[PDB]
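Protein chains in written order, with the deposited numbering: chain C, 10 to 92, 154 to 171; chain E, 1193 to 1216, 1231 to 1280, 1293 to 1357, 1380 to 1461; chain B, 196 to 237, 934 to 974.
The C-beta atom is built at its ideal place from N, Cα and C for all residues, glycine as well.
What follows is one structure encoded as structure tokens, with my remarks underneath.
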Amino acid sequence: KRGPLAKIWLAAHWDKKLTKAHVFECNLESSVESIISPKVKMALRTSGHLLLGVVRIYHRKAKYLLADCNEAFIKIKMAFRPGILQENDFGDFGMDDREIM
Amino acid sequence: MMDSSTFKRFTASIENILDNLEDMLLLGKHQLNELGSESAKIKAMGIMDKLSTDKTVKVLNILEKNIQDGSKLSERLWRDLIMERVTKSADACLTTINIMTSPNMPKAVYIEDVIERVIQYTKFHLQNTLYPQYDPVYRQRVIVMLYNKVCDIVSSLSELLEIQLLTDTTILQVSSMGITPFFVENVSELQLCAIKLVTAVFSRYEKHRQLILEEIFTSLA
Amino acid sequence: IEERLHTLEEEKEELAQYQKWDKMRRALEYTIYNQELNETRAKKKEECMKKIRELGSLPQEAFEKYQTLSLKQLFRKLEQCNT
């Protein structure tokens, strides 16, 4: 929704609309999580929700970093040194639910 | 014709007076533009039958010209930039037409240095100025001017690459530059000139096919 | 990635040296075949003309400086360059 913490809301509630463009550099962890702790009138419930949100964000960042690193390492190992009736249900009793009267 | 030495005289006169007044610090856009327009149609056949080391020294001087924008890294300073850019691209056009235009020349009239220079020049200028202004994916009349210059350059360069053999180190750069255009939007004519370039490379040397296949496959997304 | 980057740097230096030697060989080959064209200016000789125009030994600025006229010291320099 709306706010400098909407991303964490989404990551804690819906998580599907959150795109690979959002996750990467939208939120500066060391600043946003720091913002969450002294924020005015924060209920414990919503705080727990936000905790799961920020942890999911961080986990996704880890996933992407691993994927890109693996891609790079696979690249670097390259070089160029030039030197009939088969299965029918038995009759119709399987699927021929009879008409009522 | 036999010689038809009147516009042959035009260009011979232009070249000798220019390298005399320079040799004894750049020629300027006008000289290059006129020499190029005479290289195109007049010297389509008239570039033969001239003095060899004369050509060697003048192409070396316009090479020293070319180097001025190789890795140039770029309300008045902007004007200075675009002046330098059009001057050097006209010059690049000049050198790549002069190397190729005749069906036959003596050997060693074109040394690989000017080759490498024009290649890296087109690479950097293209991939750092043309694609951003022509496509919002990566990112006034001077831009379209430079675009047309680059199309002429890559076509002529395709032909040159067809003529003679070359060394693999240049080939890697040429192949990367020629594979580049297929992945931005509004560059159709540049795309088909790049088709010509890449297919010439694929024709001649039977060791880079796998490299071109990989560099196509990698960026299909 | 660090280990592979190190080995890559080593191979880079080796490549620089090989590149230098290859430039030397190409210049020498071009010069001796030019002398053979001068010999052509004195069947087989048009054939060596075919050779020199075939090879496409891309000349470099270092060409004109290496002007030795023996044609036998030339051959030993070419053999060493080849090795």
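B/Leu203 and C/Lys84 have their C-alpha atoms roughly 13 Å apart. Secondary structure note for B/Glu224: its alpha helix (DSSP H) is the uninterrupted segment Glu197 to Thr235. Counting C-beta pairs closer than 8 Å gives three or more between the region 1333 to 1352 of chain E and the region 1307 to 1321 of chain E, which meets the contact rule. In the DSSP annotation of this structure, the continuous segment of the alpha helix (DSSP H) that includes C/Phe33 starts and ends at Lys29 to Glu34. Pairing E/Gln1413 with C/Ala30, the inter-Cα distance amounts to about 32 Å. Taking the Cα positions, E/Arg1357 is about 19 Å away from E/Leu1430.
Residues of the same chain with a CB within less than 7 Å of the CB of E/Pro1421, apart from the 5 flanking positions on each side, are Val1427, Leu1430, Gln1431 and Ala1434 in chain order. Look at C/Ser43 here: in three-state DSSP terms it is helix. Residue environment: E/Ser1196 is assigned as exposed (fewer than 16 neighbouring CB atoms within 10 Å of its CB, all protein chains considered). Burial is judged here by how many other beta carbons sit within 10 angstroms of a residue's own beta carbon; B/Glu224 has at least 16 and is buried. Interface with chain C (8 Å Cβ-Cβ cutoff): B/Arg221 is excluded. Across the set C/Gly57, C/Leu37 and C/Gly92, the C-alpha of C/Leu37 shows the shortest separation from the C-alpha of C/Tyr67. With its beta carbon less than 8 Å from one in chain B, E/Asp1331 belongs to the interface.
In the three-state reduction of the DSSP assignment, E/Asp1298 falls in the helix class. Apart from the 5 residues on each side of it in sequence, B/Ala953 sits with its Cβ closer than 7 Å to the Cβ of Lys218 and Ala222 in its chain, given in chain order. Where E/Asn1322 is concerned, there is no enclosing alpha helix (DSSP H), because DSSP gives it neither an H nor an E. Excluding its 5 nearest sequence neighbours in each direction, E/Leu1400 has C-beta neighbours in its own chain below 7 Å: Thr1314, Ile1317 and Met1318, listed in chain order. If you check each beta-carbon in the region 1401 to 1414 of chain E against every beta-carbon of chain B, the ones closer than 8 Å belong to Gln1404, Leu1405, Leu1406, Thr1407 and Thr1409.
Using beta-carbon distances, E/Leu1453 does not count as an interface residue toward chain C, since no partner is under 8 Å. Taken in chain order, the members of the region 62 to 87 of chain C whose beta-carbon sits within less than 9 Å of a beta-carbon on chain B are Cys78, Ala81, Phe82, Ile85 and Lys86. Taking a contact as a CB-CB distance under 8 Å, the pair E/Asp1353 and E/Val1424 counts as one, their CB atoms being some 4 Å apart. Contact annotation: C/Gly62 and C/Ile17 have beta-carbon atoms nearer than 8 Å.
Chain E has a Cβ within less than 8 Å of the Cβ of B/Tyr225. Contacts between E/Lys1447 and chain B, judged by CB atoms closer than 7 Å, are missing: the closest CB pair is about 16 Å apart.
In terms of beta-carbon proximity, E/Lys1325 lines the interface with chain B, with at least one pair separated by less than 8 Å. At least one beta carbon of chain E lies nearer than 8 Å to the beta carbon of B/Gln951.
Annotation: Cβ neighbours of B/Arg944 in chain E (cutoff 7 Å, chain order): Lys1325. With a cutoff of 8 Å on beta-carbon distance, E/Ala1440 and E/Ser1398 are scored as near each other.
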